[PDB]
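Starting off, we have a lone chain in the form solved without quinoline-2-carboxylic acid (QNC), written out as structure tokens.
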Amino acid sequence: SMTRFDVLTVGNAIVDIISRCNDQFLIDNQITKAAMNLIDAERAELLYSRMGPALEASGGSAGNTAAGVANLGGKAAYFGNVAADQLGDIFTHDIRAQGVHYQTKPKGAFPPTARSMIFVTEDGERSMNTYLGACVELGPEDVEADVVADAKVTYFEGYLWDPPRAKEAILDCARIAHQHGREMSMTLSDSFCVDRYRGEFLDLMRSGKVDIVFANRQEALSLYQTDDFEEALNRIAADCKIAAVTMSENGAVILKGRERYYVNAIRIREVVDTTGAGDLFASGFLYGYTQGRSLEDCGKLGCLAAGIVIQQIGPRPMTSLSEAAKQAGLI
């Protein structure tokens, strides 16, 4: 039995800078709504100068997913690179404080720690503007091989295909994980990210480097360049062992071969801020999966965690997911 970790996640280590804005702000600043918009240093300074008073919170898609696993009671670890600066110190504090193993060492102060300026519109949608900074230094040297060897599932972001060398680390992870009889998982991350790396993502799935794939509706449609969601579901099921496809207020569908399991979204009092929804869906799913739960129950746990996170500001739940799971009889 005993493994050190249930879930290792790997991603871009980012601190979020969060502000509300009106619809017009996105138009005026040519920010693509609901997407991850990469920005350079000059653009980061420009947009920040236009941004209202903000709140900061540790983010990073995989970072949030690890934190959610820990919160639910699972044993989690994280690889991601910050700088030796104050923002890096915040990031390091927050993930470790959640009880996630995080030991990736900063390489210097420059490039500085990544930030994402996240603008939340009145509908609760979030539009992200990300300066990768120190994330560009993540590489094979940051793979703690003993950790990957000792984790039931290693999960990574499609977003890692933007920085130059992160993919090399991910291939090393797949090798180690599979040599030790573990599973690999990825999230498609963002529809434009899928547009950038479609062929490579399909290759990861078809070659068996990735066993479990997370997607939302838009990402699945983007993967196959279709407007037919039924086609997207059929094709994703043929390309990976297990696929979990989220559909916002329409819940989720879990696919395995010919098996399909539909899960309802939970009741939401209000959509405060959708930042982190997919990340926490993956937390709940991977927690259930590494606890030996049915695929339906993994879906239920994902929907519970995702529904909780969209009802607060900030991407990591500030309430106990394990308590919520117990109350919900998912346990």
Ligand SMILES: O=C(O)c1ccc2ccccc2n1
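All residue numbers refer to positions in the sequence shown, first residue = 1.
The next section is about a form of this same protein that is not shown, the form deposited with quinoline-2-carboxylic acid (QNC) bound.
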Would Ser207 count as touching quinoline-2-carboxylic acid (QNC) in the deposited complex under a 4.5 Å heavy atom rule?
no
quinoline-2-carboxylic acid (QNC) contact in the deposited complex: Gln179, any heavy atom under 4.5 Å:
no
Residue-level question: is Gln103 within 4.5 Å of quinoline-2-carboxylic acid (QNC) in the deposited complex, judged on heavy atoms?
no
Contact flag, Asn234 vs quinoline-2-carboxylic acid (QNC) in the deposited complex, heavy atom cut 4.5 Å
no
Looking at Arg198, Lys167, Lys75, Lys256, which is the one with a non-hydrogen atom within 4.5 Å of quinoline-2-carboxylic acid (QNC) in the deposited complex?
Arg198
